[PDB]
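Shown below, as structure tokens, is a lone chain in the form deposited in one PDB entry; questions about how it binds or moves come after it.
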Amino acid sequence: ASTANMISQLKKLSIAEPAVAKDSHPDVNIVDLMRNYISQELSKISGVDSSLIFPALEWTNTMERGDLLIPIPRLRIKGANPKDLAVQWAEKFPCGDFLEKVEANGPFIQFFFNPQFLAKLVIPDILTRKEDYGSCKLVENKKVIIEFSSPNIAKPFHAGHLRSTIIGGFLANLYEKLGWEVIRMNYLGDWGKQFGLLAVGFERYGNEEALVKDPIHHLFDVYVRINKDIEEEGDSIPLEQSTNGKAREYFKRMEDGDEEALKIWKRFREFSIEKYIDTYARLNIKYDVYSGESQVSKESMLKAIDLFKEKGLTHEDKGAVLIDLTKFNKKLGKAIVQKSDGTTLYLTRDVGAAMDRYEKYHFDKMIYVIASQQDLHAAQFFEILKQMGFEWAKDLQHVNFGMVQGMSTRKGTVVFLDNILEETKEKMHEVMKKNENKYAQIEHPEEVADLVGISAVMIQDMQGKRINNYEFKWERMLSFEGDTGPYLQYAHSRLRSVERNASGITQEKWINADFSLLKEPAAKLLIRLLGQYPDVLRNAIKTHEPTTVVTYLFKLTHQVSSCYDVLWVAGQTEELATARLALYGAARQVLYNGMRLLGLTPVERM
């Protein structure tokens, strides 16, 4: 067809400058196909280079304004009224089978895609590629190391630890979906006096048979108990001659390689990782490596010392060595790299770890998912690596996030993650029981309840931008009405239920449905929404925000739910039921894809 010929042409077209065109994939992103069509046709009309038009096309804030629009003033056409050009260019714009309409509105031109055209390409594509619908592959292998969660092995997970964990998990899924090779790394805080305190504390209150049940638990009590011994004694008996002192020594003792002090280390660490594996799996996360501050090689450490001098970065003061970053950035200030007693610090270890990682992986990019509470820390060791001469220093990125507020150890207002998950699970289980008929159709009610509960906990956290702080509130986790995780699960479940009720019409028939039977307003809106998923993923890797995907999932499910009320699959002609099944089936697949990307587990019944 002429239309068939154009599609082939457009899918092979590269109009935007290589810089941006490199991200244009009309073959797997319908909106990029439309960007090509619109840029090409508007160029013929305006006389403006299509590569200048392409980046000026923006997605709209609301569907009432079209699918794409262009602000005329953005083309910088001197001596011309933007409003008039909009009217002139829109009036003669060829729609073909691509566009339903083109409209001038103030200094803008709105482009409305033809939904029937979209349905014919998008629906079969979603049903065929399924989980790969909005994905992409790279011409050349790119490897990224994403470090997330990274708790200190000495403490249980509280509401706060959830953040780095799911943000990193999301980013890992997103990068893999878009072609990258991803290394999921957990940088355990398993070194420093922090750990040297557990050593002595365990020798003091360590209970063999007790450490059997649960490591992190017993080890926590010991830490709590030992911290009081050095917090109650006060500044009375000399540090080392007391307790806290004979703890700093055990650390430097561990640095010397004291087989005994190290054997206990490898024990607490190994016991924590085994437990971690199950905890992270519950959140659909499997790390490739459980690294740690203890894993920094001596070579890198020594090399870092040499570079600090070779570059004249460090200078002695107060008996300790630090780096004055003020020369490079006023904000960075001064940072200590070696304590008076010659021991390494958190910052010193990060520099050496970055060096080991590059040597072992030769990454093209490395992302640290760390709280903004550590913005300065990250900004300092990033700069240091830069001034050290490393070319790859520029490939490091800090993805921060805000705090979960309402937590306090010295107040006991802290809420543990396991208790949150368990409580949310029980609440969702309760809601599940209210519908006797539906409940009786679930094989593992308890397990389904946990998946719904976790979706509630993750979504409440990912709804706003990462940078935002948010106070812990049980209602945030327990709510199920409105824009919540359970809302996404319910949408997925009833779409599955609709499919099952019409199991007489297999998915094979859907791809060959008569898509001209999806002309109702509600159907057209849903179709347009389906074609946006690829753009959303692309934008999500740019913002690194789960909310970018979450926001879309709610727009998607809101429309599906609106449609659910007026577009019935059952009790229709075979052809209309097949077409609507195809539309709902495609919507479910996209929801499934997005939910899985975020780290949730879509349920079939609830």
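Take the two forms, find the largest set of C-alpha atoms that superpose within 1.5 Å, and that set is the rigid core. All residue numbers are counted from 1 along the displayed sequence.
From this point on, the text means the form deposited in another entry, which you will not see here.
Colleague: Superposing on the rigid core, which residue among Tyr290, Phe363, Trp180, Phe251 shifts its Cα by at least 2 Å between the shown form and the other one?
Modeller: Only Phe251 moves by 2 Å or more at its C-alpha.
Colleague: Tell me, please, whether between the shown form and the other one the C-alpha of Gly160 is shifted by 2 Å or more, with the rigid core used for superposition.
Modeller: Yes; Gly160 is a residue whose C-alpha shifts (by 2 Å or more) between the shown form and the other one when the cores are overlaid.
Colleague: Using the rigid core as the reference frame, would you say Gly206 shifts its C-alpha by 2 Å or more between the shown form and the other one?
Modeller: Result for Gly206: yes, a 2 Å-plus shift.
Colleague: Following rigid core alignment, is the displacement of the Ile467 C-alpha between the shown form and the other one equal to or greater than 2 angstroms?
Modeller: After core superposition, the C-alpha of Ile467 moves less than 2 Å between the shown form and the other one.
Colleague: At a change of 3 Å or more, would you call the C-alpha separation of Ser14 and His25 in that other deposited form closer or farther than in the form supplied?
Modeller: Compared with the form shown here, the C-alpha atoms of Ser14 and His25 sit farther apart in that other deposited form, by 3 Å or more.
Colleague: Having a change of 3 Å or more in the C-alpha distance between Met458 and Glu436, I'd like to know whether it is closer or farther in that other deposited form than in the form here.
Modeller: They are closer; the C-alpha distance drops by 3 Å or more in that other deposited form.
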